[PDB]
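Take a look at this single chain, the form deposited in one PDB entry, given in structure tokens.
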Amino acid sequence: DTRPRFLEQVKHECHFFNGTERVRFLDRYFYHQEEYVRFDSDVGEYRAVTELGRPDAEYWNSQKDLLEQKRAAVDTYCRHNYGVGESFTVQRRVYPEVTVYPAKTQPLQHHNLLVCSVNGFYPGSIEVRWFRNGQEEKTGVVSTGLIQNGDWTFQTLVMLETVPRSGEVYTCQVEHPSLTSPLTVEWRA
């Protein structure tokens, strides 16, 4: 099918700062991927983002009833929906499972790669650190970055390039808002 496609998108956005203290609402309309008109609660009326949206800005701004409906959205819509799901969204805390296993940088060489798999945590903010004999190793660290599993859990791999010597102890240390003290897992050669 080579027929041309045409796409309309709308995004109603609620931005929260310090809980529901400061809230900002954006009513955004899109043609394909181009935003053409938006309502910013900081401004109080619609503004054309491109020339394609000027007829909507003028027309919608002439409807005083619609405008005050949008100007109250930070209360009637943003703050309301925040309170509806706060218990299982804002306060959702899942602690990660931390696995450590070796790998190879070259398929025939020796194990020169320590993988710290950090799986199933929420929210995404996390800090992973590598240590060798109680000393933090900041060189040779590669990661996948933060990976979103799409099911309200995150994961990440933090890998340390090193040549393990016998007797060395490596520990991967994880900090996450669901923990009250760092989570450490050791690996011995």
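We call the rigid core the largest set of C-alpha positions that still match within 1.5 Å between the two forms. Only residues modelled in both forms are compared. Start at 1 and count along the sequence shown; that's the residue number.
Trainee: So, looking at the entry's B-factor column for Cα atoms, which has the higher mean, 115-123 or 85-93?
Mentor: Per the deposited B-factors, the answer is 85-93.
Trainee: 165-173 versus 10-18: which one carries the higher mean Cα B factor per the record?
Mentor: The deposited B-factors put 165-173 ahead on the C-alpha mean.
Trainee: From 137, 35, 27, 58, can you pick the one with the highest C-alpha B factor in the entry?
Mentor: Comparing C-alpha B-factors across 137, 35, 27, 58, the maximum falls on 137.
Trainee: Between 157, 141, 128, 48, which one tops the list for Cα B-factor in this entry?
Mentor: Out of 157, 141, 128, 48, the record gives the largest C-alpha B-factor to 141.
Trainee: Mind checking which third residue 151 falls in for C-alpha B-factor across the chain?
Mentor: Tercile = middle for this residue's CA B-factor.
Trainee: Ordered by C-alpha B-factor within the chain, which third holds residue 72? Give me lowest, middle or highest, please.
Mentor: Middle third of the chain for residue 72's C-alpha B-factor.
Trainee: Would the CA B-factor of residue 63 place it in the lowest, middle or highest third of its chain?
Mentor: Middle third.
The form deposited in another entry is left out here; the points below concern that form.
Trainee: Which residue, chosen from 80, 71, 111, 92, moves its CA by 2 Å or more between this form and the one not shown under a rigid core superposition?
Mentor: Only 111 moves by 2 Å or more at its C-alpha.
Trainee: Thinking of the 3 angstroms or more shift, are the C-alphas of residue 100 and residue 111 brought closer or pushed farther apart in the other form than in this view?
Mentor: Farther apart, which means the C-alphas of residue 100 and residue 111 are at least 3 Å more distant in the other form.
Trainee: Please say whether the CA atoms of residue 155 and residue 107 come closer or move farther apart in the other form, knowing the change relative to this form is 3 Å or more.
Mentor: Residues separate in the other form, at least 3 Å farther apart.
Trainee: With the rigid core held as the fitting reference, name the runs of three or more adjacent residues whose C-alpha atoms all move by 2 angstroms or more between this form and the one not shown.
Mentor: After superposition, only residues 104-111 shift as a run.
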